[PDB]
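Given next, in structure tokens, is a single chain: the form deposited in one PDB entry.
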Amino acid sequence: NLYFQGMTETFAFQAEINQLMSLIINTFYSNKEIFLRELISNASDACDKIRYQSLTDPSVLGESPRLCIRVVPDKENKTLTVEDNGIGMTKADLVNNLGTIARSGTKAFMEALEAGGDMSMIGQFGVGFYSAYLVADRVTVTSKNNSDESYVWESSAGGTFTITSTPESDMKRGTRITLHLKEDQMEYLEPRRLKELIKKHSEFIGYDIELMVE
């Protein structure tokens, strides 16, 4: 116990979610940039949730009351990160909401694509997050909700994901989604590509989005 350093639990994906991930991670698609819109939307949604809570109980904001979104390329590590200081996800949120519960939208989306529907429709089917696998071969979600400890969710779409906990874990409310970019997707590490992509959706989002240039 005094010698404990941390724990990793492994979970299977719900069956349809697994099938959707395999579909997305393997598919050719000519418009893979929509992943960024999906991650920014989730960040903005998470900021809404804590913002609304803070309107009745301001103390939920703790020492981080300025709600915003950051986009962070890392050429050395070949990762792109979207971070927010929104509501964050409990352990239960991570397991339930990112893999083990499927709604009818999951199956419908695959049926829609099999019928020549558009991958860019992914958000309309309730599975927007999984668009990250268009451009990435591994995704890591680090999240902290006021009600729980910090956890790291991780998956390379092999049918399972892990949830990792460490006894001193980071204390900052929010979520960081980090994408390990596929060989041919190095263009999303380029600040010029990112800055226009952000501007393209920035119009629709009521929180500052800062691009961190290395």
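One rule holds for the numbers: they count along the sequence shown, beginning at 1. Rigid core: the largest C-alpha set superposing within 1.5 Å between the two forms.
Not pictured, yet referred to below: the form deposited in another entry.
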property: Candidates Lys78, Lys91, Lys107, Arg138 - which moves between the shown form and the other one, C-alpha at least 2 Å, core fixed; result: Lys107
property: Core-aligned CA displacement of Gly117 at least 2 Å between the shown form and the other one; result: yes
property: Pairwise C-alpha change, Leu39 versus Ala102, in the other form against this form - closer or farther, 3 angstroms or more; result: closer
property: Sense of the change in Cα distance from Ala102 to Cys47 in the other form - at least 3 Å versus the shown form; result: closer
